[PDB]
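# Tertiary structure, described
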Amino acid sequence: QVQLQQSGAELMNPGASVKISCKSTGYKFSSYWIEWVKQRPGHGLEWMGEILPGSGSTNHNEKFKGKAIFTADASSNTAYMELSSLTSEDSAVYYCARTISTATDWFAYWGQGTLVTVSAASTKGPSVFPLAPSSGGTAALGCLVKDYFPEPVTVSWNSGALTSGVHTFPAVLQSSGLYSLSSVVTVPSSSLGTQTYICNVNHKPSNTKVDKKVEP
Amino acid sequence: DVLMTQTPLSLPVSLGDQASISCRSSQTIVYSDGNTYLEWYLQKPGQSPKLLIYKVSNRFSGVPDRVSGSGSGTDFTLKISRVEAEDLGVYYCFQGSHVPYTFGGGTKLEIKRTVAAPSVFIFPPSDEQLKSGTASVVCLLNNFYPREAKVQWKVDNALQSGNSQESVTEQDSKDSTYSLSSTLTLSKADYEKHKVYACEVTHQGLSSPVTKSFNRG
Amino acid sequence: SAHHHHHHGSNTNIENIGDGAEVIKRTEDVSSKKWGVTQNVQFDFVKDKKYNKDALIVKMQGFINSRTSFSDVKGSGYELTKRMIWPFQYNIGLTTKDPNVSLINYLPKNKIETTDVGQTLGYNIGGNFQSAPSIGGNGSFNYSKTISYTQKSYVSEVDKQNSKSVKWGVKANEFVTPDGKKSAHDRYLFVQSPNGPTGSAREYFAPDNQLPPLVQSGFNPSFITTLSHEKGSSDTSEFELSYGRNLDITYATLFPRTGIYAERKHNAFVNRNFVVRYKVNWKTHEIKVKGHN
Amino acid sequence: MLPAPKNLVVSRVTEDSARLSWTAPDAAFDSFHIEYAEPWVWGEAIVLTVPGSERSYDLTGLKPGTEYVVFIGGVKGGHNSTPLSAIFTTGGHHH
């Protein structure tokens, strides 16, 4: 029910194309522009273009004039963007944003973001291995998500019941072309023999849902 | 298609100080209707950009009082009264009065915490991982400041290089501390060939490089 | 690529009428308690690559209060003289002073004297405007706009028109009285015996059910006129829209046992207009109000 | 009805004052009835009676920047003429 709800993750081979969605609730588009923003992992925020849906009249930046196609469907409540000749440059996260001016107050909505990965070698499920704790007044424990492709993976502990002290590290790209990350959590040492800790790994591209128990 | 030059690129600021970000346009941002459509966005790590101030000065719904934006013509400034650990991230200035729209170069805001010492741990590879044929040793550096810290692997007093990848989390929004995770990846055969596995951490917050190790078995 | 102008968060509504042509629809609402006038004007722009001239379709509607009043004539001796003031003619006009702008059509084009009025303006790609005196026909044009207003007992006719201005007038015509028809110039129009020497000023004149809507309530205008602009040249131009009325007086002096005398003061209050000055931005396709009286 | 005067002119309009003036025969009217109000707000009008020998009157105490209507009818022994009309607006900014 979120205003601008974008598509899920995506993996497309180079040279091809991909079209991602931006399912938009909110009273009436076909009167309000909806724009698209691209963010390289190198902290760069770049404005792509927009489209007035009810008219189809597009309005884009010259950088993406040959790389992005904007459409929108008034029958449902969705706007689309298509990317031609996918290279490694276009691997980024793409947000759609709507904004409403009115007279009293002012609205600005954004989407969660869609990850686009441009590669060749094939979705692979992750492998989860526990890291048993050893220490001091505090004991450390975590899970190891090794060998998976592509990004991302969502990791929660105790189905979200444990949040304080958790640190999920960003994935690093190994030499084999597969990602690998670690997620640890600092808990008191006296809670090792009484409380159970389980990490919830979820890789939506491969439909993998692993629940591993961490124990000394 | 105007240029937006942000300044500075990196702006450190302690817990309680005042931070100001300047952003200058290559053309007067004033639209024909009379309003200057300048905006400031905050993107905390792992989240979508969030709007702070629209039309140079007007604050957005839910924006704290510490925030205030000013400027005129082409030069503009965003100021934060009492910077807090929850305000860190990247700040972008955006112009919405002339198509095509453009963003700023981004401004990274980091905190200046009272220097801390890294809490070092080490985890042997799980036996389930050994059944696949690969052994992985993890060295954890939890909660430390600043971000600079060197980690070196030693297998039987033999320096390792080209077989370890480290990952660092973003600066936490409470204690303003980072976390490091070094992952040493060997094979099953090479792991059984040795006994001493150590990871040495050299940080300015430690009197001497502290070493945490374990023996296989 | 970047050629559809606006500001961040604008509410830009466009109708794509096919090919490389579209219609940008804008509206403005101005009221005035001094003059009793509301201008509900629609500004439909015509973007067309096959057309070498900018086009703006102005549909002027709203409401103009009749300003009708029944009063006593204060003073000694005038205790039996009552005064009615009613609108004789409504005024709608659109004038401009930009040399690069010229009017290309206007509806109604010719004087029409029926109770109801319904006419249509159509547009085909290429700068082709033609107007049909009905709202009949089905999909001959890419975009069509109609006018609709009732003018019971009145007559709509053009008073002034040229390349920079157009002015209408809804003058009074013929009324239905209980004793036949009466013309708009009959000095004894709307007057009647008040049934004694104590009745109200209101009783010296016809009831509300014998008065047409344009005399009791007012007039709901509905006029269209299109202006063309040479591409390039001027970026901005101004024009003024006048909504008004002309008021007549009808005194009814009562004499006992004899009769009721009447006389009309025609065109006592003229040009009772509410003028609003608008400005067009042919680059951003936007309207803004500069001022009013 | 008896015949009425003519040439009703409004002169010397200030922010709060104005002068009326009219033409009537040398000895045709006993008194004049001046009636004036804010446009189409009856019940806010007031009537003034000047001797039928005067040909002008100065209105005083007017709201600045406001439009006003005028009605003047000559009288000569009960039977009276027909009011002459005038409209003017005082100076200033109405608010």
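These remarks concern the structure in this document.

## Here's the deal with the interface of chain C and chain A
- Facing the 15 residues of chain C at the interface are 18 residues of chain A.
- Its residues assigned to classes, the side of chain C that touches chain A comprises 2 nonpolar, 12 polar and 1 charged.

## Topic: the packing of aromatic side chains
- Counted under the stated rule, the structure contains 37 aromatic pairs over all chains.
- Measuring from centroid to centroid gives 6.0 Å for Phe43(C) and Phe239(C), while their planes differ by 40°, and the two rings are tilted. A residue pair is termed long-range when its members are at least 10 positions apart, and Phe43(C) in strand 3 (residues 37–48) and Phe239(C) in strand 17 (residues 236–254) qualify at 196 residues.
- Of the residues examined, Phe43(C) reaches a relative accessible area of 0% and is grouped as buried.
- Judged by its relative accessible area of 3%, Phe239(C) is buried.
- Ring centres of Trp22(D) and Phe32(D) lie 5.1 Å apart, and the angle between their planes is 50°; this geometry places the pair in the tilted category. Placement of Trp22(D) in strand 2 (residues 18–23) and of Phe32(D) in strand 3 (residues 31–37) is noted, with a sequence separation of 10 residues between them. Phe32(D) matches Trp22(D) in its accessibility class, with the two residues each being buried.
- Grouped by ring-pair contacts, the aromatic residues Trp86(C), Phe88(C), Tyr90(C), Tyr149(C), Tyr154(C), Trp168(C), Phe175(C), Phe190(C), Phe219(C) and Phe223(C) constitute a single cluster.
- For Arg202(C), the ring lying beneath its charged end belongs to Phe70(C), and the centroid distance is 4.1 Å.

## Details of the environment of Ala24(D)
- Structurally, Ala24(D) is set in the loop between strand 2 and strand 3.
- Counting along the chain gives 21 residues from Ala24(D) to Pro3(D), while the straight-line C-alpha distance between them is 9.9 Å.

## A word on the nonpolar core
- If you look at the biggest cluster of nonpolar residues, it comprises 56 residues, and the most contacted ones within it are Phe43(C), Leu56(C), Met60(C), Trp86(C), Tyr154(C) and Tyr278(C).
- Counting residues per element, this core draws most heavily on strand 6 (residues 81–96) of chain C, which supplies 6 residues.
- Sequence-distant contacts of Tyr154(C), defined by excluding residues within four places in its chain, comprise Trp86(C), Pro87(C), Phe88(C), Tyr90(C), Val170(C), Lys171(C), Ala172(C), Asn173(C), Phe175(C), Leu214(C) and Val215(C).
- One finds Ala19(B), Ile53(B), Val56(B) and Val83(B) within the second-largest nonpolar core, a separate group that totals 24 residues.

Procedures and definitions
- Residues numbered from 1 in each chain as written, not as in the entry; some residues may be left out.
- Chains lettered and ligands numbered in written order.
- Heavy atoms only, no water.
- Residues with missing side-chain atoms left out of burial classes, pairs and counts.
- Contact = heavy atoms within 4.5 Å.
- Nonpolar A, V, L, I, M, F, W, Y, C, P; charged D, E, K, R; others polar.
- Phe/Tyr/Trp six-rings, centres within 6.5 Å; stacked < 30°, edge-to-face > 60°.
- Helix = DSSP H or I, 4+ residues; strand = E, 2+ residues; numbered from the N terminus.
- Buried < 20%, exposed > 50% of the residue type's maximum accessible area, 1.4 Å probe, protein only.
- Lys NZ or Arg CZ within 6 Å of the ring centre and 35° of its normal.
- Core = buried A, V, L, I, M, F, W, Y, C linked by side-chain atoms within 4.5 Å.

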